[PDB]
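Here the structure comes first, spelled out in structure tokens, and everything after it is commentary.
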Amino acid sequence: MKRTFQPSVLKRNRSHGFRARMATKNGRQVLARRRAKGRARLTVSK
Amino acid sequence: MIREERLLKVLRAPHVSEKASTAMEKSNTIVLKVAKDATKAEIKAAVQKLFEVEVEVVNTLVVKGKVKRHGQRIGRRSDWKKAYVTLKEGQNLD
Amino acid sequence: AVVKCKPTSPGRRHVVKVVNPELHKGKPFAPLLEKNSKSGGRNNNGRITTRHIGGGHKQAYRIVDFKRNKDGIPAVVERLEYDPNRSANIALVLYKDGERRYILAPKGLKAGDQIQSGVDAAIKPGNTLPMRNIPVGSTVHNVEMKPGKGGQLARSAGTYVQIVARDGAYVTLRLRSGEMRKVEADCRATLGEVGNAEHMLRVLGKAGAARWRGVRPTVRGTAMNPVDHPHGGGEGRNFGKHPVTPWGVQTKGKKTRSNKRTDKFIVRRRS
RNA sequence: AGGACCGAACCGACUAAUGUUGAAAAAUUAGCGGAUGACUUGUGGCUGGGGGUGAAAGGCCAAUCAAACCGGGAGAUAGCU
RNA sequence: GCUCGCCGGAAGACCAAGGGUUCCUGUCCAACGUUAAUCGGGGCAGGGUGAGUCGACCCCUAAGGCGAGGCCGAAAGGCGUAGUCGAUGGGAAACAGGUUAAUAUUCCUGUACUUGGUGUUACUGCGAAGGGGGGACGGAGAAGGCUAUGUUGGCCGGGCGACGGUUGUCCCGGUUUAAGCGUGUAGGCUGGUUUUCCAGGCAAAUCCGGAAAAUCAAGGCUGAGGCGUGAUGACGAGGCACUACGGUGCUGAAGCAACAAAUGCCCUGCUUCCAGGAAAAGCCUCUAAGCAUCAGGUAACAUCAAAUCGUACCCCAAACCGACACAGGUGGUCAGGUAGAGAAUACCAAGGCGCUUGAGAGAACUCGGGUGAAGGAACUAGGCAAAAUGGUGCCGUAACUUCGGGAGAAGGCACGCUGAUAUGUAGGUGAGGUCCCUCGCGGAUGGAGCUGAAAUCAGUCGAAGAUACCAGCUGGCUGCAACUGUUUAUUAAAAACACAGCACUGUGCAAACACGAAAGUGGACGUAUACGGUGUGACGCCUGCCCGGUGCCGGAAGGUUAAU
Ligand SMILES: [Mg+2]
Ligand SMILES: [Mg+2]
Ligand SMILES: [Mg+2]
Ligand SMILES: [Mg+2]
Ligand SMILES: [Mg+2]
Ligand SMILES: [Mg+2]
Ligand SMILES: [Mg+2]
Ligand SMILES: [Mg+2]
Ligand SMILES: [Mg+2]
Ligand SMILES: [Mg+2]
Ligand SMILES: [Mg+2]
Ligand SMILES: [Mg+2]
Ligand SMILES: [Mg+2]
Ligand SMILES: [Mg+2]
Ligand SMILES: [Mg+2]
Ligand SMILES: [Mg+2]
Ligand SMILES: [Mg+2]
Ligand SMILES: [Mg+2]
Ligand SMILES: [Mg+2]
Ligand SMILES: [Mg+2]
Ligand SMILES: [Mg+2]
Ligand SMILES: [Mg+2]
Ligand SMILES: [Mg+2]
Ligand SMILES: [Mg+2]
Ligand SMILES: [Mg+2]
Ligand SMILES: [Mg+2]
Ligand SMILES: [Mg+2]
Ligand SMILES: [Mg+2]
Ligand SMILES: [Mg+2]
Ligand SMILES: [Mg+2]
Ligand SMILES: [Mg+2]
Ligand SMILES: [Mg+2]
Ligand SMILES: [Mg+2]
Ligand SMILES: [Mg+2]
Ligand SMILES: [Mg+2]
Ligand SMILES: [Mg+2]
Ligand SMILES: [Mg+2]
Ligand SMILES: [Mg+2]
Ligand SMILES: [Mg+2]
Ligand SMILES: [Mg+2]
Ligand SMILES: [Mg+2]
Ligand SMILES: [Mg+2]
Ligand SMILES: [Mg+2]
Ligand SMILES: [Mg+2]
Ligand SMILES: [Mg+2]
Ligand SMILES: [Mg+2]
Ligand SMILES: [Mg+2]
Ligand SMILES: [Mg+2]
Ligand SMILES: [Mg+2]
Ligand SMILES: [Mg+2]
Ligand SMILES: [Mg+2]
Ligand SMILES: [Mg+2]
Ligand SMILES: [Mg+2]
Ligand SMILES: [Mg+2]
Ligand SMILES: [Mg+2]
Ligand SMILES: [Mg+2]
Ligand SMILES: [Mg+2]
Ligand SMILES: [Mg+2]
Ligand SMILES: [Mg+2]
Ligand SMILES: [Mg+2]
Ligand SMILES: [Mg+2]
Ligand SMILES: [Mg+2]
Ligand SMILES: [Mg+2]
Ligand SMILES: [Mg+2]
Ligand SMILES: [Mg+2]
Ligand SMILES: [Mg+2]
Ligand SMILES: [Mg+2]
């Protein structure tokens, strides 16, 4: 069957990447939460 | 004119290999490990000055580093840059 | 000319084409074209505002002269063309100085006739002149509402508006709906009925022919669930309620005009 | 000419059997429907939860839908076990 | 290593996406591999990806995103102008051969090409954020011209047969060659040319558009393929030699013709239809300010530059998405033979596999199949499932009907092989020869050679000739829905939804309506032959009575009635 994860790096980075998070206000609050939690990988972006 | 200080930092090492020994004797091409940000003109200027030899053309490729496991900890070697420097005919180099 | 199709397949059983052999069998005039991107009935919010719109054949937009400002300069009619953007056919006209434009084609207009706008224009089908120069009782189309704004009334394929009166600054019109409306006597109008009068005699014949025109299918409201529509629900076919919109506004009879700005311009409503 | 006909690719899923701690969290096998059209498909885009979207089954919205998911109010409340 | 079996419109080959070293070599076998393992996509170490032409970057825009100012909004923010992003589309150029354990249109050999720089020499209207042209566009259909490629002949090399025959109308193998450059062909489009004038193209214009007049019918544009060159090359069966048995070195024949032929190419054509079929830049051209002998412009030649990033490997899969080395899913490209209408299907080529537990035994029972006496739906909720029908041609074909259908109705006959007609026909193809010619990739004539159905007659074999695979069961009555379509991903495909049609009603345009505190946007760059909503649901005949109730519409004299 066709499963729900059909990967595409272009669509992965436009939707969840670094500059897509820094574009909006709430996305900047997402990166502030992950830095407060202390994430190694701060975003998707390789 | 590429500055003389940069040309001393372009070349890292010669690359010893079975393919490197073949290219030296057949196509008269040496194989060099170069700095990663070095371009083809910087290599051609460096080899023509620091080795005193006439360069015909320089082909480059980037070697991706392998992923190794020291013990159980994962790790990745560095990406490095590789240059096939074809000397002109008659020219010779150690 | 209406052409009943022979029933070689169901879906051609009920088709009546409207075949006009005078339309140009070629590409339209390329400088007067521009892109007309489809919408799907969706606004800048992405939501569907108006339903049932979507799909259909790609359509290029034809820039049509409604303002009709080239006064005094006569123009000959080069050819008649098909316009996908509208129900009426359009006419490619050539002015004397070398400018080509598109107008709405009137009823009796054919290729080779001369038209002319301006006040000193004659009264033949095709001329455009302000309605203080047009005699009372004549049928005009492409009528402006404001002077110089461009024609807005009686533009669909077989329509026309009669000029029934004039009292100084205003003329009184008999719109195609039957509504009597006052318009200023300086607004331009184009003589004669507009052309493609047999457009309403077509029958699309099959369901796909409406999808060709970008009309997605309409689900009637009683075929839904009560969360979807006020008509929805029921165990069987139940409709025990007054007919409303999907938003709960009465449809069978309830009036919706709420413009108190233009009430001075309406003489009598439609009947 | 055709929402024309027969029929592969392709799209779909009518019937039966198997399978039901499966090869598979819906499939296989033998048949079956459509197959120039309201067709199908790649890539990219847009619509966000009382909201979307729906040729309308309360269908679908990341194996979840008569109101998604995640975090918070939060140790909701529980005359019940 | 020799056999056997399997795929072969794939279970072969090339990619994109995705993965990220799984690639190659050495070495190791604990764990991992549903068993063992010396093996591996496992561990460990080393090696491997070479570009001016491929791709990305870059130039250009689509949907769309962001958005200076701006407008709007308690705040956050929303929308949007100028702009600036954004491919999945537009935009310069490289092929053949060779080579590595592993890369190659990237290296090597050979032969090209493109765009920029500078520099001389000749030449002199250059100049844009502007004008115009071009780019530049649909579906279906019809042929014609080709090529890829195949077959046969010729040609060259080899063979003379484990068992009867096989020096021949015998067997096997080969018969390959590019981009570029030259030629401008089949064929497609097009009237050219000069001058005068011009309310248009925001100003300008020699350009485009429009008027004239004159002259010439014949110029131009596009164009597959062929031919020549590229190529005295390269490649080539084999031999000749060494042999780490893997290989490496050397040498090298013939290298033609006919016929068939694409879904590829001419073709972004041509014809036709209605549902009327992107944008922008590169490119071409016109002038504006400007520049005046300077700059720039094109022309030749020389020289220089063409960076950076990607390039391994799998890619219908053991490497991607499915927790698995998972019978699933996954877009593009390539398309050999025989039979066949065919990309079906059977068997094969190239190529790749035998699916990572085996060995026995030959119980019940289960699974997937084969055949069956006599009967033939008695089974059963129900002919569920099985079985049967199945092709082509010709004959023939009912009720009913919207005259299209029904209909492949039903039903039946023929079908192999060989010979003859005819040592291969009709047809196709079309060489020499001859004639003509604005002379060529020309036009006739001409029929060699090749290819080749179909039919009749005669004969002959079997139980059976559409012999396998493949491949409609048919008819009668009737309910519902007109139909094609749609739907509950994962128990419901239906009479449900949709539908063309019909009607009611709203809506005069800053439309009704919808999304939005708003600005705005959709409706729609539409204008009552239009748009929204609602019901009904092709078509045919029709659609009766009731306005008391509940709604809606119209009324404005009276009663009642809010803030004030
Ligand atoms: Mg090179
Ligand atoms: Mg590179
Ligand atoms: Mg509608
Ligand atoms: Mg309707
Ligand atoms: Mg409906
Ligand atoms: Mg329902
Ligand atoms: Mg409700
Ligand atoms: Mg009922
Ligand atoms: Mg009732
Ligand atoms: Mg069909
Ligand atoms: Mg479905
Ligand atoms: Mg199946
Ligand atoms: Mg079919
Ligand atoms: Mg229900
Ligand atoms: Mg779900
Ligand atoms: Mg909710
Ligand atoms: Mg709730
Ligand atoms: Mg609380
Ligand atoms: Mg609790
Ligand atoms: Mg590894
Ligand atoms: Mg390997
Ligand atoms: Mg190994
Ligand atoms: Mg062991
Ligand atoms: Mg083991
Ligand atoms: Mg390994
Ligand atoms: Mg390129
Ligand atoms: Mg934009
Ligand atoms: Mg701002
Ligand atoms: Mg914005
Ligand atoms: Mg850009
Ligand atoms: Mg692209
Ligand atoms: Mg490109
Ligand atoms: Mg390889
Ligand atoms: Mg332009
Ligand atoms: Mg086409
Ligand atoms: Mg050929
Ligand atoms: Mg023998
Ligand atoms: Mg013998
Ligand atoms: Mg032979
Ligand atoms: Mg050539
Ligand atoms: Mg590769
Ligand atoms: Mg494969
Ligand atoms: Mg698999
Ligand atoms: Mg396995
Ligand atoms: Mg085949
Ligand atoms: Mg097959
Ligand atoms: Mg196995
Ligand atoms: Mg047994
Ligand atoms: Mg049987
Ligand atoms: Mg029996
Ligand atoms: Mg027997
Ligand atoms: Mg019997
Ligand atoms: Mg019985
Ligand atoms: Mg019984
Ligand atoms: Mg059955
Ligand atoms: Mg059967
Ligand atoms: Mg009954
Ligand atoms: Mg039906
Ligand atoms: Mg159907
Ligand atoms: Mg279901
Ligand atoms: Mg089902
Ligand atoms: Mg508006
Ligand atoms: Mg109904
Ligand atoms: Mg009634
Ligand atoms: Mg009443
Ligand atoms: Mg009454
Ligand atoms: Mg009232």
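Cβ atoms come from the backbone with ideal geometry, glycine included; neighbour counts cover every protein chain shown. Read-outs throughout are calculated quantities, based only on the coordinates presented, and are distinct from any laboratory measurement.
Could you work out the percent of alpha carbon pairs in chain C separated by over 25 Å, rounded to a whole number?
Every Cα pair in chain C considered, those over 25 Å come to 59 percent.
Less than 17 Å apart at the alpha-carbon level, and either on another chain or at least 8 residues along: which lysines does that give for B:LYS19?
List returned: B:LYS33, B:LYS81, B:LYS82.
Once label points are set 7 Å from the Cα along Cα→Cβ at both C:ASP120 and A:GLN6, what is their separation, rounded to one decimal in nm?
6.9
Regarding the stretch C:117-194, what are the three Cα extents along the principal axes, ordered largest first, in Å?
31, 28, 23 Å, listed from the longest principal axis down.
Report relative contact order for chain C in percent, whole number only (criteria: Cα-Cα under 8 Å, sequence separation at least 6).
Across chain C, relative contact order equals 17 percent.
Taking a ≥ b ≥ c as the square roots of the Cα gyration tensor eigenvalues, with a/c under 1.5 meaning rounded and otherwise prolate when a/b beats b/c, else oblate, which class fits the stretch C:1-113?
Taking the square roots of the gyration eigenvalues as a ≥ b ≥ c, the stretch C:1-113 is oblate.
HN-Hα J couplings of the stretch C:173-184 from phi, Karplus 6.51/-1.76/1.60, θ = phi - 60°, integer Hz, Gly and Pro as x?
Listing the rounded values in order: 10, 10, 6, 5, 6, x, 7, 9, 10, 7, 10, 4 Hz.
If you take the beta carbon distance between C:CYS5 and C:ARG237 as r and set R0 to 22 Å, what does 1/(1 + (r/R0)^6) give as a FRET efficiency, to the nearest 0.05?
The formula returns an efficiency of 0.05 here.
How high is the relative contact order of chain A? Use alpha-carbon pairs under 8 Å, at least six apart in sequence, and give a whole percent.
Worked out over chain A, it gives 39 percent.
Against the longest alpha carbon principal axis of chain A, how many degrees, from 0 to 90 and to the nearest 10, is the axis of helix A:25-37 turned?
80
Once phi is turned into ³J(HN,Hα) by the Karplus curve 6.51 cos²θ - 1.76 cosθ + 1.60 with θ = phi - 60°, what whole-Hz value does each residue of the stretch B:29-45 show in order, with x for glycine and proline?
10, 8, 10, 10, 8, 10, 5, 6, 8, 6, 9, 6, 6, 5, 6, 5, 6
Quick one: if you take sqrt(5λ) for each eigenvalue of the C-alpha gyration tensor of the protein assembly as shown, what semi-axes come out, biggest first, whole angstrom?
In descending order, the three semi-axes are 73, 36, 24 Å.
Please list, ordered by chain and number, the residues whose modelled amide H lies under 5 Å from the amide H of C:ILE90; skip anything fewer than 5 residues away on the same chain.
C:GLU81, C:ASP83, C:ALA105
Taking the radius of gyration and the Kirkwood hydrodynamic radius from Cα positions alone, what is the Rg/Rh ratio for chain A, to two decimal places?
My calculation puts Rg/Rh at 1.07.
Which whole-Hz couplings ³J(HN,Hα) result when phi for each residue of the stretch C:134-148 is put into the Karplus expression 6.51 cos²θ - 1.76 cosθ + 1.60, θ = phi - 60°, listed in order with x for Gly and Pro?
Computed from phi, the couplings for the stretch C:134-148 are 9, x, 5, x, 9, 9, 10, 9, 6, 8, 6, 9, 10, x, x Hz.
Which of rounded, prolate, oblate describes the stretch C:195-271, given a ≥ b ≥ c as roots of the alpha-carbon gyration tensor eigenvalues and a/c under 1.5 marking rounded, otherwise prolate only if a/b is larger than b/c?
oblate
Give me the one-decimal nm value for the distance between modelled label points at B:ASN92 and C:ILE48, 7 Å along each residue's Cα-to-Cβ direction.
According to this spin-label approximation, the distance is 8.3 nm.
Mind running the shape call on chain B? Use the C-alpha gyration tensor, a ≥ b ≥ c as the square roots of the eigenvalues: rounded below 1.5 for a/c, prolate if a/b tops b/c, oblate otherwise.
oblate
Need one number: % antiparallel among DSSP beta bridges in the protein assembly as shown, to the nearest 5.
Approximately 95 percent, going by the DSSP bridge assignments.
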